[PDB]
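Visitor: Handing you this structure, nothing more for now.
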Amino acid sequence: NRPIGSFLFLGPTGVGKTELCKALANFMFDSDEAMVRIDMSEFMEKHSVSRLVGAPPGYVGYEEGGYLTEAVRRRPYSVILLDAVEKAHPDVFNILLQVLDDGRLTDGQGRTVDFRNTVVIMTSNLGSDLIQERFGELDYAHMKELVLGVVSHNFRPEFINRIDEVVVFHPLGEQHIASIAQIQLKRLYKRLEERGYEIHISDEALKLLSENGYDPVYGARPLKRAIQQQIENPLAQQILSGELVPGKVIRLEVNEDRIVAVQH
Amino acid sequence: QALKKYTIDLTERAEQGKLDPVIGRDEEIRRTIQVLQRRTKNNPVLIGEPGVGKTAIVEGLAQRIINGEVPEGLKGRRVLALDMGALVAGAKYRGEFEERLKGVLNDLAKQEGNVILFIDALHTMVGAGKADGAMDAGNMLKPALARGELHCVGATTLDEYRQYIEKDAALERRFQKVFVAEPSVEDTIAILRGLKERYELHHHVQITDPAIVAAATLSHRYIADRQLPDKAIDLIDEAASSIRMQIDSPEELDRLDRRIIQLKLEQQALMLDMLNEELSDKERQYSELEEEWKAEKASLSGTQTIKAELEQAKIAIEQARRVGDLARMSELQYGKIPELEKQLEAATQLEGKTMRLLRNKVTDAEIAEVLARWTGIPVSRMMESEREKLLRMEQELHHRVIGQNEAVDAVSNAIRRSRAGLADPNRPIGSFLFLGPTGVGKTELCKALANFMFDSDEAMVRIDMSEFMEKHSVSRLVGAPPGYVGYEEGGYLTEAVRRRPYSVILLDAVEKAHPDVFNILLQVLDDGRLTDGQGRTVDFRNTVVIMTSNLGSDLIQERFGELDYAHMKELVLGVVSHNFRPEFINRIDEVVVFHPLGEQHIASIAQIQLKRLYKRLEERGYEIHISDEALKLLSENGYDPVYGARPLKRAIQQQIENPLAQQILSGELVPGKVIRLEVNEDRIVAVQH
Amino acid sequence: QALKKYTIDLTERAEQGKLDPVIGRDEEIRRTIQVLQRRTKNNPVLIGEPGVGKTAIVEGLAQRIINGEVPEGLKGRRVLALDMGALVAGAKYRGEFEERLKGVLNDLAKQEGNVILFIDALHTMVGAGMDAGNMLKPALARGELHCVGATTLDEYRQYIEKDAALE
Amino acid sequence: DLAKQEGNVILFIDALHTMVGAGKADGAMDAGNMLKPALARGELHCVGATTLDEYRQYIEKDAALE
Ligand SMILES: Nc1ncnc2c1ncn2[C@@H]1O[C@H](COP(=O)(O)OP(=O)(O)OP(O)(O)=S)[C@@H](O)[C@H]1O
Ligand SMILES: Nc1ncnc2c1ncn2[C@@H]1O[C@H](COP(=O)(O)OP(=O)(O)OP(O)(O)=S)[C@@H](O)[C@H]1O
Ligand SMILES: Nc1ncnc2c1ncn2[C@@H]1O[C@H](COP(=O)(O)OP(=O)(O)OP(O)(O)=S)[C@@H](O)[C@H]1O
Ligand SMILES: Nc1ncnc2c1ncn2[C@@H]1O[C@H](COP(=O)(O)OP(=O)(O)OP(O)(O)=S)[C@@H](O)[C@H]1O
């Protein structure tokens with residue numbers, strides 16, 4: 001009688017929340033863009049209720065339903081992402097009270113689309129102050145309790161009765177970000193091998209990127225745009241010369257203060 | 001017999017071999033055959049978004065029956081294409097459609113369960129005979145399908161299944177769903193690898209497999225309108241059409257023919273000569289190029305005829321596999337396959353020798369031509385002028401934007417990565433924040449970027465945030481939900497990008513709005529997807545989002561001196577941390593800061609205004625020079641760092657345009673005269689010499 | 001012979017010089033010829049406000065066929081135009097529009113891949129009574145018809161984005 | 001007979017919209033679609049007469065009848 005699992009993730013941004021959800025979808029179907037993603041930060045007024053569940057009889061777009069009950073009448077085993085849900089108009093969640101109580105849903109035309117094989121995931125980012133304040137020297141449990149009280153300030157007490165487990169994230173350490181950088185260089189090797197260039201890297205350049213992209217306060221995206229600038233710009237610079245012969249081992253080796261490529 | 005009067009044997013057309021061979025699809029065709037051989041409800045329906053080959057699934061069914069790859073219970077079946085266009089035809093008298101239809105019913109009951117009924121657009125049959133107080137085929141196929149002596153096979157679009165058949169619940173549960181899946185990218189690759197030879201039989205040309213896999217990759221990433229594999233099919237066919245018409249065209253022959261008609265008109269006007277000889281040489285060159293064109297056409301024609309005979313050999317040896325002739329098998333194989341393969345490869349390398357003027361094979365460059373023309377994504381491999389133009393992006397910017405090198409370098413890096421193709425396929429291309437004082441060329445920078453990319457100034461969806469100073473304006477720009485008023489229209493920005501896929505978006509004056517207008521921006525910079533009111537996504541990955549605010553401008557003019565760039569960006573980034581939400585400023589690519597202008601740049605800007613002024617007035621047709629003392633005095637009269645460049649602009653505007661157009665329409669300023677913009681004692685004078 | 005009942009041999013008219021020697025527009029004519037020599041999806045539509053002479057563009061194409069400027073799939077074809085209002089206006093009862101429509105398709109298959117069709121008012125063909133697009137669905141899909149559209153951009157975004165087979 | 005005179009006879013028929021959108025016949029045609037050839041055959045220099053509204057209803061919507 002309840003859907004499979006209904007989780008409220010927390011944290012500061014850029015730590016992997018959306019990636020956990022997309023990792024689930026890219027596991028469960030081998031696709032990021034086969035899921036249901038309702039961008040809940042749009043819902044700053046009380047209308048988009050009537051875009052997700054449909055508009056009642058005697059109104060405009062009647063015979064095409066909401067967005068949610070369409071594609072969960074279609075594919076009964078999906079995994080919903082409701083990202084950034086803390087910026088909705090704070091009573092859009094009563095729709096979600098039905099959704100997480102039983103996972104039937106009274107739509108426009110009346111047909112109770114049934115959710116109970118579809119993972120509701122909510123991902124907020126309320127955990128800025130509290131997690132950046134006291135993730136050090138605290139356990140998982142008291143953090144969960146205290147930010148749970150914080151969300152009780154924000155949401156309704158009606159609501160977190162429903163949520164299956166409110167798992168709370170932590171900011172990243174440096175070695176984590178080095179592994180992130182490993183993954184980013186793997187996807188770069190992916191994007192450039194499709195274009196056709198064998199590229200290696202100085203392993204020291206990993207450490208220079210660790211010196212580059214690290215800050216504990218913004219999550220993993222500073223690493224990403226540091227990779228963007230301080231790798232791609234000399235790379236796509238020298239590519240557009242016609243300089244880089246395909247087939248050569250393009251080892252990304254460090255400069256004195258930068259990273260350079262070789263053609264050997 | 002009433003059967004051929006309204007139906008079409010598909011297995012007839014399979015024996016014709018006109019049909020697409022269907023590759024992949026073991027799972028749904030096995031599933032459809034399982035739903036065919038039941039006791040009751042002999043009624044599979046094919047459901048999925050259009051283009052995914054639902055017609056081809058039944059066609060591949062018929063091909064596997066004729067080829068005999070089915071279970072034994074179907075060996076002997078007859079798939080028939082029932083036709084609503086046959087059945088509705090002349091039913092103007094009462095009880096005429098129903099008479100025809102029940103004739104079909106009883107004659108398929110005659111067939112002793114050896115016939116499979118195929119209908120496309122089953123919703124059309126549901127609303128087929130539904131006249132005002134009559135009987136349709138819906139309430140006539142209600143009995144013959146709950147018993148299921150009539151082995152129906154359905155085909156529908158997903159939305160109109162929902163509107164049309166699910167209105168009628170009894171004929172909803174007569175049928176079993178088969179949810180036909182969106183085929184994968186790699187399955188699409190395989191299907192395109194199979195469908196090559198039929199297309200080459202059509203377009204008389206050849207196709208290269210990297211262009212095939214590139215067609216799959218490009219069509220899957222950049223379009224969002226149609227669905228796989230159909231859009232890839234259309235790319236391939238469209239490139240083959242362009243190549244066929246390049247073959248039967250050529251452009252050097254066009255230049256030589258325009259040259260010989262120009263020299264012929266000149267020679268007839270002259271009737272010293274020499275032009276009889278020049279015209280004879282050019283017409284001989286044109287005739288040799290034309291004869292080369294005809295030789296290439298004859299060569300590719302013979303190559304295509306023998307490739308067509310190869311494909312007929314493939315069809316004939318499959319007919320020998322079904323029928324079972326003895327000498328035909330080894331004869332067709334060991335004779336017809338290796339000699340036609342080796343001389344078809346000999347004709348292919350002969351083409352590679354003789355094709356000089358034109359092209360013959362389908363290459364990825366042709367595919368990317370079709371894709372760039374087809375919607376507007378700048379895909380193709382770089383020619384020299386555009387690529388070296390891109391390498392000198394910074395130079396072209398400072399052809400129009402003196403000063404503020406930071407943003408020049410930033411956007412230059414952005415678009416070099418874009419046309420380089422190293423962007424993130426889950427983020428848009430450009431995502432920037434501009435912070436500077438009032439009037440320092442930010443808007444004109446972005447306008448020049450548009451004019452670089454597009455040769456157009458305002459083909460950019462400038463959406464000014466200054467209007468948006470309460471919360472509703474998100475629902476201005478993205479749409480309004482169903483039920484309320486703005487559902488019928490759709491949003492503004494979302495239709496802007498769905499119209500022009502590859503654009504440059506500005507969010508000017510982005511200090512003005514309430515701080516929660518920045519949530520659509522979060523979704524945009526998250527995935528490049530945006531869902532408007534009607535409930536569909538719109539691709540923003542091939543776009544560029546740009547914001548221009550003026551937050552720390554007081555601190556900029558205060559402390560651009562005695563600071564580097566790093567502490568500048570650090571302190572003003574903290575200033576944005578005062579203003580905006582930190583959840584947002586993670587998303588931004590670079591937040592460049594704009595220093596106030598220096599007087600040298602101000603003089604350069606004045607030079608730019610003189611250049612565009614000379615441009616517009618030479619369009620008017622005037623030859624205008626200047627005493628540079630007037631430039632110096634205009635520079636001296638229009639300097640204020642607190643207000644930016646536009647005071648110089650209005651000073652130029654007034655103190656130049658007023659005496660100018662004051663004396664133009666007087667007839668004083670005559671075109672063709674040297675117009676020296678000299679000075680008055682405190683003003684500007686122009687002379688006519 | 002519904003071709004005698006509903007169609008106009010424009011090749012006859014320009015063959016007798018009845019028509020405009022239409023000037024220019026050669027890039028678009030060429031892209032239409034590109035579309036008209038495909039294997040599938042063999043139907044161009046023409047998007048523009050009425051009075052820009054899309055009719056005349058097809059007319060100039062027909063004059064080029066009279067000239068024989070075409071590639072080797074079009075030499076010998078006969079371009080014939082058709083209205084939908086000539087078909088809708090005779091619908092007293094059920095099944096009278098559609099006998100005409102299928103007899104049209106019987107003449108089209110009867111000429112055996114030799115006739116290029118023109119139809120303007122494509123957005124009209126959306127609504128006639130299912131009614132019209134579904135009977136033309138196989139011949140539009142299976143290469144056995146070479147329909148040429150003519151409509152306006154507003155009617156394109158209003159009508160033709162609805163039926164995907166119509167797209 | 002119009003082909004016999006070749007534009008010598010200049011006919012008049014008022015209420016063109018009536019002659020287009022009301023001539024219903026069973027297994028038979030109207031005057032509208034049988035004389036719509038004479039539109040694009042030049043044997044028809046005919047004159048009409050209507051009201052402001054019905055012209056816009058049944059005449060301006062067709063291309064040839066425009
Ligand atoms: N642990 C991680 N593993 C892999 N990639 C990561 C990880 N953390 C961040 N990233 C990358 O950085 C991006 C930011 O992660 P997100 O989860 O999208 O941000 P967030 O933490 O969800 O906060 P929001 O959703 O943006 S409010 C991801 O899309 C990945 O590209
Ligand atoms: N796996 C496949 N094998 C063979 N042909 C295929 C395959 N997938 C797609 N096609 C071809 O792609 C085209 C599109 O498929 P269609 O069946 O025509 O689309 P559809 O199933 O008819 O759906 P709609 O609504 O009619 S577009 C046809 O020409 C098919 O032959
Ligand atoms: N380096 C430059 N090269 C060329 N023109 C420049 C340069 N710097 C400033 N300008 C001019 O400065 C004028 C004012 O700048 P704008 O971008 O129009 O105003 P702004 O910079 O957007 O600031 P606000 O907030 O709009 S007042 C423009 O007309 C530019 O032509
Ligand atoms: N390339 C061209 N050369 C000469 N005249 C042209 C050309 N293109 C269009 N025209 C003129 O445009 C006029 C418009 O007439 P129509 O063909 O009826 O207009 P249309 O562009 O077809 O749109 P509608 O729906 O038919 S009003 C024709 O009479 C032509 O003379």
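For the structure tokens, the naming scheme is as follows: chains receive sequential letters (A, B, ...) according to their order of presentation, residues are indexed from 1 within each chain, and ligands are indexed from 1 in presentation order.
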Using only C-alpha atoms and a cut-off of 6 Å, which residues of chain B sit close to chain C? Please list them as a list in words.
Guide: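 That gives residues 85, 88, 89, 90, 91, 92, 124, 241 and 248 of chain B for chain B.
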Visitor: Neighbouring residues of ligand 4 are defined here as those with any atom at most 10 Å from a ligand atom, counting only C-alpha atoms and all ligand atoms; list them as a PyMOL selection string.
Guide: (chain C and resi 19-26+29+46-60+120-121+150-152) or (chain D and resi 61-64+66)
Visitor: Do you know which residues are at most 6 Å from region 37-51 of chain D counting only C-alpha atoms, after dropping those on the same chain fewer than 3 positions away, and could you put them as a short mmCIF file (atom, residue, chain, number, x, y, z; two decimals) with N, CA, C and O atoms, in the first residue's frame?
Guide:
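Written file, out27.cif:
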```
data_model
loop_
_atom_site.label_atom_id
_atom_site.label_comp_id
_atom_site.auth_asym_id
_atom_site.auth_seq_id
_atom_site.Cartn_x
_atom_site.Cartn_y
_atom_site.Cartn_z
N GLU D 6 -15.96 30.57 -76.90
CA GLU D 6 -14.61 30.94 -76.49
C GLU D 6 -14.54 32.36 -75.93
O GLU D 6 -13.91 33.26 -76.48
N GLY D 7 -15.24 32.55 -74.81
CA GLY D 7 -15.25 33.85 -74.17
C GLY D 7 -16.10 34.89 -74.85
O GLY D 7 -16.07 36.05 -74.45
N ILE D 10 -20.45 36.18 -72.03
CA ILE D 10 -20.04 36.57 -70.70
C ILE D 10 -21.25 36.35 -69.80
O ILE D 10 -22.13 37.21 -69.70
N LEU D 11 -21.30 35.19 -69.16
CA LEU D 11 -22.43 34.80 -68.35
C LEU D 11 -22.45 35.61 -67.05
O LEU D 11 -21.46 36.21 -66.65
N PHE D 12 -23.63 35.67 -66.43
CA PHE D 12 -23.75 36.11 -65.05
C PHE D 12 -24.47 35.05 -64.24
O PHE D 12 -25.54 34.58 -64.66
N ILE D 13 -23.91 34.70 -63.09
CA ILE D 13 -24.62 33.93 -62.06
C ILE D 13 -24.28 34.57 -60.72
O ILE D 13 -23.12 34.55 -60.30
N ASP D 14 -25.28 35.13 -60.06
CA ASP D 14 -25.11 35.63 -58.70
C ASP D 14 -25.03 34.48 -57.70
O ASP D 14 -25.24 33.32 -58.04
N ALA D 15 -24.72 34.85 -56.45
CA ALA D 15 -24.69 33.95 -55.29
C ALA D 15 -23.74 32.78 -55.53
O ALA D 15 -24.13 31.61 -55.57
N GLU D 54 -21.03 36.03 -46.75
CA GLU D 54 -21.01 34.70 -47.35
C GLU D 54 -19.88 34.53 -48.35
O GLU D 54 -19.42 33.40 -48.57
#
```
Visitor: Around ligand 1, out to 6 Å and counting only C-alpha atoms and all ligand atoms, which residues are there? I want them as a list in words.
Guide: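 For ligand 1, the residues inside 6 Å are residues 13, 14, 15, 16, 17, 18, 19, 84, 125, 180, 220 and 221 of chain A.
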Visitor: With the cut-off set at 7 Å and counting only C-alpha atoms and all ligand atoms, tabulate each residue of chain B with an atom at most that distance from an atom of ligand 2, showing the nearest atom pair and its distance in Å to one decimal, ordered by chain and increasing number, as CSV.
Guide:
```
residue,atom,partner,partner_atom_place_in_ligand_line,distance
B:20,CA,ligand 2,31 (O),5.0
B:21,CA,ligand 2,4 (C),5.3
B:22,CA,ligand 2,3 (N),3.3
B:23,CA,ligand 2,3 (N),4.8
B:24,CA,ligand 2,1 (N),5.8
B:25,CA,ligand 2,1 (N),6.6
B:49,CA,ligand 2,25 (O),6.8
B:50,CA,ligand 2,25 (O),3.6
B:51,CA,ligand 2,19 (O),3.4
B:52,CA,ligand 2,19 (O),5.1
B:53,CA,ligand 2,17 (O),3.2
B:54,CA,ligand 2,21 (O),3.3
B:55,CA,ligand 2,17 (O),3.6
B:56,CA,ligand 2,17 (O),4.6
B:156,CA,ligand 2,25 (O),6.5
B:157,CA,ligand 2,25 (O),5.5
B:191,CA,ligand 2,1 (N),5.5
B:229,CA,ligand 2,9 (C),5.5
B:230,CA,ligand 2,12 (O),5.1
B:233,CA,ligand 2,12 (O),6.9
```
Visitor: Neighbours of residue 222 (chain A) within 8 Å (only C-alpha atoms; same-chain residues fewer than 4 positions away dropped), as number ranges by chain?
Guide: A: 213-215, 218, 226; B: 586
Visitor: Select the residues contacting ligand 3 at a distance of at most 7 Å, based on only C-alpha atoms and all ligand atoms, then format the selection as a VMD selection string.
Guide: chain B and resid 400 to 404 437 to 445 509 548 to 550 597 601 605 608 644 to 646
Visitor: Please, could you write that set of residues out with N, CA, C and O atoms as a short mmCIF file (atom, residue, chain, number, x, y, z; two decimals), in the first residue's frame?
Guide:
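Final file, selection-v1.cif:
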```
data_model
loop_
_atom_site.label_atom_id
_atom_site.label_comp_id
_atom_site.auth_asym_id
_atom_site.auth_seq_id
_atom_site.Cartn_x
_atom_site.Cartn_y
_atom_site.Cartn_z
N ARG B 400 35.22 44.85 -32.80
CA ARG B 400 34.04 45.58 -32.36
C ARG B 400 34.02 45.89 -30.89
O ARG B 400 33.22 46.74 -30.48
N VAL B 401 34.80 45.21 -30.06
CA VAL B 401 34.79 45.47 -28.62
C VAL B 401 36.23 45.72 -28.19
O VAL B 401 37.00 44.80 -27.93
N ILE B 402 36.59 46.99 -28.10
CA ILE B 402 37.80 47.36 -27.39
C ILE B 402 37.55 47.28 -25.89
O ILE B 402 36.41 47.46 -25.41
N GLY B 403 38.59 46.94 -25.14
CA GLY B 403 38.50 46.85 -23.70
C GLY B 403 37.86 45.55 -23.24
O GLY B 403 37.26 44.80 -24.01
N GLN B 404 38.03 45.30 -21.94
CA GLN B 404 37.41 44.20 -21.19
C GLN B 404 37.79 42.84 -21.79
O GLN B 404 36.96 42.07 -22.27
N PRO B 437 29.85 48.15 -14.37
CA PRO B 437 29.10 49.38 -14.14
C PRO B 437 28.17 49.67 -15.30
O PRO B 437 28.08 48.93 -16.27
N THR B 438 27.46 50.79 -15.17
CA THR B 438 26.44 51.15 -16.14
C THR B 438 27.08 51.53 -17.46
O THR B 438 27.97 52.39 -17.50
N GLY B 439 26.66 50.87 -18.53
CA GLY B 439 27.08 51.29 -19.84
C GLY B 439 28.52 51.01 -20.20
O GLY B 439 29.28 51.94 -20.44
N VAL B 440 28.92 49.74 -20.21
CA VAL B 440 30.29 49.42 -20.57
C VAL B 440 30.36 48.34 -21.64
O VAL B 440 31.34 47.61 -21.74
N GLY B 441 29.34 48.27 -22.49
CA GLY B 441 29.44 47.44 -23.67
C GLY B 441 29.09 45.98 -23.47
O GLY B 441 29.37 45.18 -24.36
N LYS B 442 28.47 45.64 -22.35
CA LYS B 442 28.12 44.26 -22.06
C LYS B 442 27.08 43.76 -23.04
O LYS B 442 27.24 42.70 -23.67
N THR B 443 26.01 44.53 -23.18
CA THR B 443 24.96 44.22 -24.13
C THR B 443 25.50 44.23 -25.54
O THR B 443 25.19 43.33 -26.33
N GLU B 444 26.37 45.18 -25.86
CA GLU B 444 26.93 45.20 -27.20
C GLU B 444 27.95 44.10 -27.40
O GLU B 444 28.14 43.64 -28.53
N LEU B 445 28.58 43.63 -26.32
CA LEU B 445 29.41 42.44 -26.42
C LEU B 445 28.60 41.24 -26.86
O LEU B 445 28.94 40.57 -27.83
N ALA B 509 19.64 42.82 -16.96
CA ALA B 509 19.18 43.53 -15.76
C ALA B 509 18.71 42.56 -14.68
O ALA B 509 17.61 42.68 -14.13
N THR B 548 23.63 39.77 -17.27
CA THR B 548 24.36 41.03 -17.14
C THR B 548 23.82 41.79 -15.94
O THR B 548 22.77 42.42 -16.03
N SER B 549 24.52 41.77 -14.83
CA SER B 549 24.06 42.56 -13.71
C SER B 549 25.08 43.63 -13.38
O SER B 549 26.13 43.73 -14.01
N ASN B 550 24.77 44.44 -12.37
CA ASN B 550 25.60 45.59 -12.02
C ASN B 550 25.72 45.72 -10.51
O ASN B 550 25.54 46.79 -9.93
N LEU B 597 36.17 52.06 -18.07
CA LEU B 597 36.90 52.29 -19.30
C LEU B 597 38.03 53.29 -19.07
O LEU B 597 37.99 54.12 -18.16
N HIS B 601 40.47 53.74 -24.60
CA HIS B 601 39.38 52.90 -25.06
C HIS B 601 38.21 53.76 -25.48
O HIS B 601 37.49 53.42 -26.43
N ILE B 605 36.34 53.74 -28.92
CA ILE B 605 34.90 53.60 -29.05
C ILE B 605 34.36 54.69 -29.96
O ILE B 605 33.50 54.44 -30.81
N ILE B 608 35.02 53.75 -33.37
CA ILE B 608 34.04 52.74 -33.79
C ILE B 608 32.74 53.40 -34.19
O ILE B 608 32.10 53.01 -35.19
N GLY B 644 29.80 55.60 -17.61
CA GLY B 644 30.13 54.73 -18.71
C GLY B 644 30.22 55.46 -20.03
O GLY B 644 30.44 56.67 -20.10
N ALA B 645 30.02 54.70 -21.10
CA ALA B 645 30.35 55.16 -22.44
C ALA B 645 29.25 55.99 -23.07
O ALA B 645 29.55 56.93 -23.81
N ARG B 646 28.00 55.67 -22.82
CA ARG B 646 26.83 56.32 -23.40
C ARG B 646 26.73 57.85 -23.31
O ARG B 646 26.04 58.44 -24.17
#
```
Visitor: Give me, as JSON, numbers by chain, the contact residues of chain B against chain A at a cut-off of 8 Å, counting only C-alpha atoms.
Guide: {"B": [163, 387, 391, 413, 416, 417, 420, 422, 471, 472, 474, 481, 482, 483, 484, 485, 487, 488, 519, 520, 523, 531, 533, 534, 535, 583, 586, 587, 589]}
Visitor: Using Å and a single decimal, report how far CA of residue 28 (chain A) sits from CA of residue 99 (chain A).
Guide: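 According to the coordinates, CA of residue 99 (chain A) and CA of residue 28 (chain A) are separated by 21.7 Å.
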Visitor: Apply DSSP to the structure's backbone, then extract all residues of region 50-102 of chain C labelled helix (DSSP H, G or I) and return them as JSON, numbers by chain.
Guide: {"C": [54, 55, 56, 57, 58, 59, 60, 61, 62, 63, 64, 65, 66, 67, 85, 86, 87, 88, 97, 98, 99, 100, 101, 102]}
Visitor: With N, CA and C atoms kept, could you save the residues just selected as a short mmCIF file (atom, residue, chain, number, x, y, z; two decimals), in the first residue's frame?
Guide:
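Contents of again_14.cif, freshly written:
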```cif
data_model
loop_
_atom_site.label_atom_id
_atom_site.label_comp_id
_atom_site.auth_asym_id
_atom_site.auth_seq_id
_atom_site.Cartn_x
_atom_site.Cartn_y
_atom_site.Cartn_z
N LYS C 54 3.56 30.08 -54.07
CA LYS C 54 3.96 28.69 -53.94
C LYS C 54 3.36 27.85 -55.05
N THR C 55 2.12 28.17 -55.43
CA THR C 55 1.49 27.62 -56.62
C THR C 55 2.38 27.85 -57.83
N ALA C 56 2.83 29.09 -57.98
CA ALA C 56 3.70 29.44 -59.09
C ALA C 56 5.06 28.77 -58.99
N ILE C 57 5.49 28.42 -57.78
CA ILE C 57 6.74 27.68 -57.66
C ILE C 57 6.58 26.30 -58.24
N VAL C 58 5.46 25.66 -57.93
CA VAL C 58 5.17 24.36 -58.53
C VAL C 58 4.98 24.49 -60.03
N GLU C 59 4.41 25.61 -60.46
CA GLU C 59 4.22 25.89 -61.88
C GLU C 59 5.55 26.01 -62.60
N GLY C 60 6.51 26.71 -61.99
CA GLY C 60 7.81 26.86 -62.59
C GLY C 60 8.58 25.56 -62.59
N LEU C 61 8.35 24.73 -61.58
CA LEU C 61 8.88 23.37 -61.60
C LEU C 61 8.34 22.60 -62.79
N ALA C 62 7.04 22.74 -63.04
CA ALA C 62 6.43 22.08 -64.18
C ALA C 62 6.99 22.61 -65.49
N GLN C 63 7.27 23.91 -65.55
CA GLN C 63 7.90 24.45 -66.75
C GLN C 63 9.31 23.95 -66.91
N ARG C 64 10.00 23.69 -65.81
CA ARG C 64 11.33 23.09 -65.94
C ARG C 64 11.24 21.66 -66.41
N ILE C 65 10.16 20.97 -66.04
CA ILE C 65 9.93 19.62 -66.55
C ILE C 65 9.65 19.67 -68.05
N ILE C 66 8.88 20.67 -68.47
CA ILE C 66 8.70 20.95 -69.89
C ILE C 66 10.04 21.22 -70.55
N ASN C 67 10.91 21.95 -69.86
CA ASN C 67 12.27 22.13 -70.34
C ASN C 67 13.06 20.85 -70.20
N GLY C 85 -11.38 20.83 -51.09
CA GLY C 85 -12.73 21.35 -51.11
C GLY C 85 -13.58 20.77 -52.22
N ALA C 86 -12.95 20.32 -53.31
CA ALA C 86 -13.64 19.57 -54.35
C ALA C 86 -14.08 18.19 -53.88
N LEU C 87 -13.51 17.69 -52.79
CA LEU C 87 -13.88 16.40 -52.26
C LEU C 87 -14.80 16.49 -51.06
N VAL C 88 -14.61 17.48 -50.20
CA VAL C 88 -15.41 17.60 -48.99
C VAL C 88 -16.83 18.01 -49.33
N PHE C 97 -17.48 11.30 -49.74
CA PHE C 97 -16.12 11.84 -49.77
C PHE C 97 -15.10 10.76 -50.09
N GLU C 98 -15.25 9.62 -49.46
CA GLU C 98 -14.20 8.63 -49.37
C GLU C 98 -14.20 7.68 -50.54
N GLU C 99 -15.35 7.47 -51.19
CA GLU C 99 -15.34 6.79 -52.48
C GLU C 99 -14.55 7.58 -53.50
N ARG C 100 -14.74 8.90 -53.51
CA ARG C 100 -13.96 9.77 -54.37
C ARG C 100 -12.49 9.67 -54.02
N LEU C 101 -12.18 9.65 -52.73
CA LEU C 101 -10.79 9.63 -52.30
C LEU C 101 -10.09 8.33 -52.68
N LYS C 102 -10.77 7.20 -52.50
CA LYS C 102 -10.17 5.93 -52.88
C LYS C 102 -10.10 5.77 -54.40
#
```
Visitor: When distances are computed from only C-alpha atoms, which of B:295, B:42, B:224, B:527 shows the smallest separation from residue 22 (chain A)?
Guide: B:527
Visitor: For the strand (DSSP E or B) assignment from backbone DSSP, which residues of region 385-614 of chain B qualify? Please present them as a ChimeraX atom specification.
Guide: /B:430-435,461-462,505-508,529-531,537-539,544-549,590-593
Visitor: Write out as a compact mmCIF listing (two decimals) with C-alpha atoms, in the first residue's frame the residues lying within 6 Å of residue 148 (chain C), counting only C-alpha atoms and excluding same-chain residues fewer than 6 positions away.
Guide:
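The result, stored in selection13.txt:
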```
# COMPACT_ATOMS: atom_id res chain seq x y z
CA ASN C 43 6.29 14.61 -49.93
CA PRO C 44 7.36 18.23 -49.61
CA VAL C 45 5.18 20.82 -48.00
CA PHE C 118 -0.13 18.63 -55.90
CA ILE C 119 -2.49 19.45 -53.01
```
Visitor: Tell me as a list in words which residues belonging to chain D come within 9 Å of chain C, counting only C-alpha atoms.
Guide: residues 20, 21, 22, 23, 24, 25, 26, 27, 28, 29, 30, 32, 33, 34, 36, 37, 40, 62, 63 and 64 of chain D
Visitor: Could you list, as number ranges by chain, every residue within 8 Å of residue 77 (chain C), counting only C-alpha atoms and ignoring same-chain residues fewer than 6 positions away?
Guide: C: 114-116
Visitor: Residues near residue 494 (chain B), anyone? I mean within 10 Å using only C-alpha atoms, not counting same-chain ones fewer than 5 positions away, as a ChimeraX atom specification.
Guide: /B:477-479,499-500,530-533,536-540
Visitor: Could you work out how far CA of residue 36 (chain A) lies from CA of residue 116 (chain A), giving the answer in Å with one decimal?
Guide: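 About the pair CA of residue 116 (chain A) and CA of residue 36 (chain A): they are 14.4 Å apart.
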Visitor: For the atom pair CA of residue 360 (chain B) and CA of residue 247 (chain B), what is the interatomic distance in Å to one decimal place?
Guide: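 A separation of 7.7 Å between them.
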